[PDB]
Amino acid sequence: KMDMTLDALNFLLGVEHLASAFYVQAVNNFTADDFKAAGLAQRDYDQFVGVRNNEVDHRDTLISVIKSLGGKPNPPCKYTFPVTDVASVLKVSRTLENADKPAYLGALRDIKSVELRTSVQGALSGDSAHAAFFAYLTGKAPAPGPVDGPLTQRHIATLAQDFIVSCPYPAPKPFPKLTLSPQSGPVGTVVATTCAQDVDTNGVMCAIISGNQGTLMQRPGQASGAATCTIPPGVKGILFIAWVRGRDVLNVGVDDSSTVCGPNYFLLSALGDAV
Amino acid sequence: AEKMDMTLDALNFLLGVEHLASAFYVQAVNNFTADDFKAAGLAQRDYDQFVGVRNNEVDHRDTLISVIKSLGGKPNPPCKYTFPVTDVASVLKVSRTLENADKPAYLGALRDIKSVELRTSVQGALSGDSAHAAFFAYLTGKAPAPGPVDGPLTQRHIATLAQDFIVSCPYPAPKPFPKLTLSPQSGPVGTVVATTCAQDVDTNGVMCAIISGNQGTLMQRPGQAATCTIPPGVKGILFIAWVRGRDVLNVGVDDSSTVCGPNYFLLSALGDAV
C-alpha cells in the first residue's frame, strides 16, 4: 500500500519536474509582448504565467507530501525543449499537458489513500484545464471528448523522451518512439506508423487507446512498406497509438507488458476545432 | 456489501448530476444557433464546441446508466428542470455554473467509489468536465485555469448549488441547503463579501467557511457590513458557506454543520480578461 502510493507520487513528481522546468524557463524567455506579436492577447500571457505558477505548485506539493510520508523525492532530470518562437512554446505546452493527464490517471490507480486520491484528482482537474487552454490557443477543440484515459509510467516516459536528456536516478524506461503520419485528423484517417528502432514486428498489432472505448485492436495495413492503422468510428477525444505484440492485453492504458513501440498521441478532429 | 452500496449511491448521485447537465445542453443546442453566437461576438468554433459539450454530457449520462445497470442497481430517472436562459450571455453563464458545480460533484463522489476500475472511468469524466469548465470560463472572461487544485463538495452541497434549476424530483434526491447570496460574487484576496441566507436560520454560532481546493476550509467569524472576507493563500475557485460551530475542519467532505450555502465565489486569477 505505502510502497505503491509513494512510488506513484514520485513518478508524478518526475512528471511535474519536467513540466515546471519548461514553464519556468518559458516565462523567463518570453514576454507578454512576444505573445501579442504572435496572436495572443494579454489575458493569454497572464494565463500562461498562471499555468507556470500552477505547475510549480503541483511540483512543490508533491515534494512536501512525499517528504511527509517518509519518502525521498526524486530530483529533477536534465531536459531539452524544441522551442524557437511562441507558436513552438504553445505546441510544447499542449504536448506536456496532454501527456500529464494520462500520467495522473494512471498513477491514481496505485494511490491507496482516500485523502491522497482527493488531492491528486484535484491536480488532475487543474491539468485538464491547462490542456483545454492550450488546445483552444492552437485551434484545437478544448474538450474533444467525454473521457480522458490512463497510460502507464513507461508509456508516459515514451511520450516525454524527446524532452528528457538524462535522469540521475532510474526513471521509467521509454519504449521507442512511434512516428505517426499524419498525427491528427478525423475518423477514417489512415495513419502511417514508423518505429524509431528496428524492433521485431512479427505478431505486432495496432493498439488504438481511447478514453471512451478503451483499447481497440487492429491488424496493421500497408502504405514504402510502412505499417498503417486506421482511426475507427466511435472513438472520441485524444487518442494514443502504439504497437503491441499480440492482443491478449485487453486494456493497454493500464498494461504495458505487450508494448513494442510507442504510444504516440493522435489529435482526433472534433467539434471545437478552428474552422 | 458496504463498498458496493457506497459505490452505487455515488454513481446514482452522479447520474442525477448528469441528467441535469445533459437536459440543459440538449435544450440549449436546440434553442441557439451559430448565428446567435456570432452576433454576440463569438466564433463558429465556439458554437461547435458548445455542441461538443452537449455530446460529451449525453455520453456521461449514458455511461453512468450503463454501469449502474451492470452493477445490478436501478438508475435514477431524470428530475424536472427549468433553466433561466434567454440570450447567449445567459446560456454561457448557466453553462459555466453547471460545470463549476459538476467538478466538485465528481470529486466528492470519487471518495465513495470503491473499485479501482470505476474510479479510473469516473476520474476520466471529471477530466472532461474540467475541460468544459475551462472553456466556459474563457468565453465569459474568467481564467480557464485559475488554480492548481480543484476541491470536493458533498452531495447536499451540490444539490444546494443546483437548486434553482431543479423543479422537483420523483425520488429522494439530495436535499439542498438554503441558498447563500454573495455580494460581490467575484474578486481578489481581501474582498469583503456580504452574505445573505434565503431563509431565517439561527445565526448564533455561525462561522464563515471558505472552501478552497488548495487549502481546504478556512473558518472565520462573520463580520458586520453578515460578511466574510476572502483570506490570503487561497487559489482557484472558492465556495462560501455558513456553518454552525467550529468542529468541522474539512467542510468540502463534511456537511454535518452546514446551515446555508455553499455558493460559489470566482476568486480573481491570472487569465481573467483585463
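Residues numbered from 1 in each chain as written, not as in the entry; some residues may be left out. Chains lettered and ligands numbered in written order. Heavy atoms only, no water.

### A look at the interface of chain B and chain A
Inference 1: Contacts between the two partners involve 51 residues from chain B and, on the opposite side, 49 residues from chain A.
Inference 2: Carbon and sulfur atoms supply 55% of the area that chain B and chain A bury against each other, a total of about 3,900 Å² over both sides.
Inference 3: Between the two partners, chain B and chain A, sit two salt bridges.
Inference 4: A salt bridge links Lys236 of chain A to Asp59 of chain B; the nearest nitrogen and oxygen atoms lie 2.9 Å apart. (Contact = heavy atoms within 4.5 Å. Buried area = accessible area lost by both parts, 1.4 Å probe. Salt bridge = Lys/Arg side-chain N within 4 Å of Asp/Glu carboxyl O.)

### Notes on the pattern of salt bridges
Residues and elements named next belong to chain B.
Inference 1: Counting across every chain of the model gives ten salt bridges over all chains.
Inference 2: Note that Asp62 is salt-bridged to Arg61, the shortest N-O span being 3.0 Å.
Inference 3: When its relative accessible area of 36% is taken as the criterion, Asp62 is described as partly exposed.
Inference 4: Using a relative accessible area of 21% as the deciding quantity, one classes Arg61 as partly exposed.
Inference 5: One salt bridge connects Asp202 with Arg244, and the closest N-O pair in it is separated by 3.4 Å.
Inference 6: Of the residues examined, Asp202 reaches a relative accessible area of 46% and is grouped as partly exposed.
Inference 7: Residue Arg244 is classed as partly exposed on the basis of its relative accessible area of 33%. (Buried < 20%, exposed > 50% of the residue type's maximum accessible area, 1.4 Å probe, protein only.)

### Things to note about the sheet that holds strand β7 (residues 214-218) of chain A
Residues and elements named next belong to chain A.
Inference 1: Reading across from one edge, β4-β11-β10-β6-β7 is the order of the five strands in this open sheet, with mixed pairing throughout. Each having just a single partner strand, β4 (184-185) and β7 make up the two edges of the open sheet.
Inference 2: As judged from the five bridges shared by strand β6 (residues 204-210) and β7, these two strands associate in the antiparallel manner. Each residue of the ladder has a partner; that of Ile209, found in β7, is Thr215. (Pairing = 2+ DSSP bridges. Helix = DSSP H or I, 4+ residues; strand = E, 2+ residues; numbered from the N terminus.)

### Digging into the packing of aromatic side chains
Inference 1: Under the criterion given, the structure shown has 22 aromatic pairs over all chains.
Inference 2: Between the aromatic rings of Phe35 of chain A and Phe48 of chain A, the centroid separation amounts to 5.3 Å while the plane-to-plane angle is 55°, which identifies the pairing as tilted. You can see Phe35 of chain A sitting in helix α2 (residues 32-37) and its partner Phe48 of chain A sitting in helix α3 (residues 42-68), a full 13 residues away along the chain.
Inference 3: Accessibility expressed as a relative area gives 0% for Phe35 of chain A, which makes it buried.
Inference 4: Taking relative accessible area as the criterion, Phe48 of chain A reaches 1% and is therefore assigned buried.
Inference 5: Three or more aromatic residues joined by ring pairs form one cluster here, namely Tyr136 of chain A together with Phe24, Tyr25, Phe37, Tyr47, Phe50, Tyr81, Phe83, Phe135, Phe136, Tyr138 and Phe165 of chain B.
Inference 6: Here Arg154 of chain A stacks its cationic end above the ring of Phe175 of chain A, 4.0 Å away from the centre of that ring.
Inference 7: A cation sits over an aromatic face here: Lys74 of chain B above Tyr171 of chain B, 5.6 Å from the ring centre. (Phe/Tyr/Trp six-rings, centres within 6.5 Å; stacked < 30°, edge-to-face > 60°. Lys NZ or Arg CZ within 6 Å of the ring centre and 35° of its normal.)

The quantities given are spatial measurements derived from coordinates; they are silent on function.
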